[PDB]
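To find a chain, count down the sequence lines: A is the first, B the second, and so on, and within it residues start at 1. Computed from heavy atoms alone, side chains included, the values below leave out hydrogens, waters and symmetry copies.
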Amino acid sequence: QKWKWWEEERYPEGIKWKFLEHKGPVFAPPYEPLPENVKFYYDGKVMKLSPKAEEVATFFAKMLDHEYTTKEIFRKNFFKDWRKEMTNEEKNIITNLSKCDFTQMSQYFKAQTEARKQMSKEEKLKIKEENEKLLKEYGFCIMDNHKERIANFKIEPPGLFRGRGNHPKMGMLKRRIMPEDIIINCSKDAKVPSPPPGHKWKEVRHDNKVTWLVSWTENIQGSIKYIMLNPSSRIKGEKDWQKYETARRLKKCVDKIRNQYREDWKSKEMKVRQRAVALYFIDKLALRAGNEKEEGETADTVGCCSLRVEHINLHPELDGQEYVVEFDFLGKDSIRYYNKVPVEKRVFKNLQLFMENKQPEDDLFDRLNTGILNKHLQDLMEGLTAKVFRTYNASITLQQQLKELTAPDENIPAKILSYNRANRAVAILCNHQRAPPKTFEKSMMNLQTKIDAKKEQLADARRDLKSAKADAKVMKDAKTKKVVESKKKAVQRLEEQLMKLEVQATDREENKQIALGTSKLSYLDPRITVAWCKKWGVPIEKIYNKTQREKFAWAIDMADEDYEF
DNA sequence: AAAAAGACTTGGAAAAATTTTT
DNA sequence: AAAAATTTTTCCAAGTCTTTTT
Ligand SMILES: CC[C@@](O)(C(=O)O)c1cc2n(c(=O)c1CO)Cc1cc3c(CN(C)C)c(O)ccc3nc1-2
């Protein structure tokens, strides 16, 4: 069965579902204590830890190879959290982390990882079958007349928080999620999932205004985490289709918005000038609407509305270009945004006024926040927010670049190179940067030797065709002419093979510091890709893998080769 | 309001399983 | 067969925007 939810009458506003039934979450397996021979040492002397304290110790031991375990913040936060898990008898002995020895514990886990890759075919297939039967029973929920898959039904096991970038809470313990922390959401007429025996759920609710099945609060940030349906479901896919339709509606009114914000740079009021400059930044450079965050709780990262004076450096002339704004800051996930961008005269002049009488720690856009900006965007067009510009600019750039880089007469490997260069332009615009693959970038040597070995085969084939043509001169007959034909086809087959290898080598080189995944799955109206694939006869499986094909099932079925964003 | 909460949106590096070279 | 290069799951957070509290 294949449910085409996209052919149904669109789901009404307010209510998300009428019926909802699931078996609840799968809890992480219990902690298995260390055997007798794996010893922990404090001040050089043997010490057996209580299960609760031993568990927290194993987490640090497993991370001993990383440099972050030597960091002040990591160690401070870890030790404070490990103390809470210790008994009173253990707290009187273990005064500090530095006198502790986790070396035997670290070696054991490395030995287990080695003992696991040396498992038998009977053991390997068994664990794979235990995993598959867990997916049949708990990986599916029933939502309104249909069986839909659940994304992450297995709750993440306990461990140590690290986060991304320079996070103030690195080292902290992420405690084991218990049934007592779980809030279940289902309909009043559904069979309520039973908790593990000897346990109870925190709450069983019936809120049809939300899309989640299970929720709980995590101890690091104090936020609510959820278990929702998978990307191939109606509830996720319809909202994704709507996100793209909203981005298409912005397209038909973007010049009208551009002309107004350009005029708003000249306004009498400062709040209107700042709002217009911030809008320009979100449009031209596709910056995220930086929401304000609590200091000392998260890693110091900013976006457009949260930019500080220290994040921009103004230059009247740089590189022979007029009115350059040197952007240098950490955006989402602590990914550095560096750009030297030529702006209009009025923006540069406006930026000099927003930087007047301010200290480096002060906000560039005072009197402005994401709420004020989105309240204005909502008046310009219904349902328009700041992130819609990122979606619009990404999708329109993909469409225009595929239209400009794709050559009709090219073979499939060459067209995939044109597709990837177009996706690359989107990733550069969105700043989806990447650090060169951990050494492993020397796999460019391996590709070059295979290319040089193929250039050898081609050069040998050209010598065969050369002597076949010379043998066709002396004693010209229809038997020697057919040998020249077969040698020409042999040169042709080898030329195509080399072309494919050289195209793959270029693809990897240009993609060294670029991450394509995020724009491909979140930013890029899949219909633009489907339309391109059908137009040039490029099979969809060459662009989207199995999981992406399932998420974008709606676009693959409902989209002609003539679709225009 | 305007903080505080709640509810959605937005992988890539490392492992491991395979596959290919040797 | 055994080392090496690939293709595929496994691990682990952070923003945006909407809705409630204070
Ligand atoms: C790396 C790119 C990115 O950070 C991003 O913002 O551009 C991201 C992260 C994550 N995801 C994505 O789709 C995307 C891309 O759009 C899904 C995801 C799941 C994560 C989970 C799993 N949860 C949902 C159960 C974690 O536990 C920790 C971090 C996680 N990070 C991500």
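- Per the geometry, CZ belonging to A:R176 stands 13 Å off P belonging to C:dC12, to the nearest Å.
- The shortest heavy-atom contact between A:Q242 and A:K239 is NE2-NZ, 3.0 Å.
- Close to C:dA13, at under 4.0 Å from its OP1 or OP2, lies a side-chain N or O of A:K174.
- When the nucleotides B:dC8, B:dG11, B:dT9 are ranked by their closest atom to the side chain of A:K239, B:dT9 comes out on top.
- Residues in residues 500-513 of chain A take part in these side chain to side chain donor-acceptor pair (under 3.5 Å) pairs, two or more places apart or across chains: A:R421-A:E510, A:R424-A:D507, A:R424-A:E510, A:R424-A:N511.
- Note on A:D300 versus A:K293: no salt bridge recorded, every NZ/NE/NH1/NH2 to OD/OE distance being 4.0 Å or above.
- Closest-nucleotide positions on DNA chain B for A:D207 and A:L516 were compared, and the one nearer the 5' end corresponds to A:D207.
- Using a 4.0 Å heavy-atom distance criterion, A:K154 is classed as making no nucleic acid contact.
- Contact check on A:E130 versus A:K126 returns a salt bridge, with a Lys/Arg side-chain nitrogen under 4.0 Å from an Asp/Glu carboxylate oxygen.
- Which of C:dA14, B:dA7, B:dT9 sits closest to the side chain of A:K387 comes down to B:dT9.
- Note: CD (A:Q513) to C1' (B:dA13) measures 16 Å, nearest angstrom.
- The CG-P distance, from A:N219 to C:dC12, rounds to 15 Å in whole Å.
- For the segment residues 368-385 of chain A, the set of residues with a heavy atom within less than 4.0 Å of an atom of DNA chain B is empty.
- Atom CD of A:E218 and atom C1' of B:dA5 are 13 Å apart (whole Å).
- A salt bridge between A:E297 and A:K169 is present, with a side-chain N of the basic residue lying under 4.0 Å from a carboxylate O of the acidic one.
- Here A:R288 does not reach the OP1 or OP2 of C:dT16: none of its side-chain N or O atoms lies under 4.0 Å away.
- Within 4.0 Å (heavy atoms only), A:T298 reaches no atom of the nucleic acid at all.
- Counting distance only, with no hydrogens placed and no angle test, the side-chain atoms of A:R164 and the base atoms of C:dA14 include no donor-acceptor pair under 3.5 Å.
- Atom CD of A:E203 sits in a crowded spot, with more than 12 heavy atoms from other residues, nucleotides or ligands closer than 6.0 Å.
- Using a 4.0 Å heavy-atom distance criterion, A:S215 is classed as making no nucleic acid contact.
- Regarding A:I224, its CD1 atom lies at a distance of 14 Å from the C1' atom of C:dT21, rounded to whole Å.
- Side chain of A:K332, nearest nucleotide from B:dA7, B:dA16, C:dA14: C:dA14.
- Listed nucleotides C:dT10, B:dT9, B:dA16 differ in distance to A:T113; the shortest reach to its side chain belongs to B:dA16.
- Residue A:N545 contributes atom CG, which lies 12 Å from atom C1' of B:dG11 at whole-angstrom precision.
- Residue A:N291 is the one, among A:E13 and A:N291, whose nearest nucleotide of DNA chain C lies closer to the 5' end (criterion: closest heavy atom).
- In terms of phosphate contacts, A:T301 brings a side-chain nitrogen or oxygen within less than 4.0 Å of OP1 or OP2 of C:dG15.
- When every heavy atom of A:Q378 is checked against every heavy atom of A:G383, the shortest pair comes out as NE2-N, 2.8 Å.
- Using a 4.0 Å heavy-atom criterion, one finds that A:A299 contacts no nucleic acid atom at all.
- Heavy atoms of A:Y226 sit under 4.0 angstrom from at least one base atom.
- In terms of phosphate contacts, A:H167 brings a side-chain nitrogen or oxygen within less than 4.0 Å of OP1 or OP2 of C:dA14.
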Hey, mind stepping through A:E245 and A:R248 against salt bridge (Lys or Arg N to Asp or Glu O under 4.0 Å) and telling me if it holds?
-> CA-CA 5 Å; A:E245 287 301 294; A:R248 292 177 83 201; 3.0 Å; yes

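- Annotation: of the two residues near DNA chain C, A:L160 and A:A386, the 5′-most nearest-nucleotide partner is A:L160.
- The number of heavy atoms from other shown groups lying within 6.0 Å of NZ (A:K375) does not exceed 12.
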Starting from the C-alpha separation in whole Å, work towards a yes-or-no answer on side-chain contact (heavy atoms from CB on, under 4.5 Å) for A:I335 and A:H432.
-> CA-CA 8 Å; A:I335 293 165; A:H432 290 146; 6.0 Å; no

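- An OP1 or OP2 oxygen of B:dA17 is reached within less than 4.0 angstrom by a side-chain nitrogen or oxygen of A:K124.
- OP1 or OP2 of B:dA13 lies within a sub-4.0 Å distance of a side-chain N or O belonging to A:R434.
- Between the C1' atom of B:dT9 and the CD atom of A:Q242 lies a distance of 14 Å, rounded to the nearest Å.
- In this structure, A:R234 satisfies the cation-pi test against A:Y11, with its NZ or CZ atom closer than 6.0 Å to the six-membered ring centre and inside 45 degrees of the ring normal.
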Check the interface with nucleotides 6-8 of chain C: list each N/O to N/O pair with the protein under 3.5 Å, or write none.
none

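- Among the nucleotides B:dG12, B:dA7, B:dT9, the one closest to any side-chain atom of A:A515 is B:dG12.
- With 3.5 Å as the limit, one finds no donor-acceptor pair spanning the side chains of A:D525 and A:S395.
- Using a 4.0 Å cut-off, some side-chain N or O of A:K293 falls inside it from OP1 or OP2 of C:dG15.
- Atom CZ of A:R116 and atom P of C:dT10 are 12 Å apart (whole Å).
- Taking for each of A:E294 and A:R205 the nucleotide of DNA chain B with the nearest heavy atom, the 5'-most of the two is the partner of A:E294.
- When the nucleotides B:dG11, C:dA14, B:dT9 are ranked by their closest atom to the side chain of A:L521, B:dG11 comes out on top.
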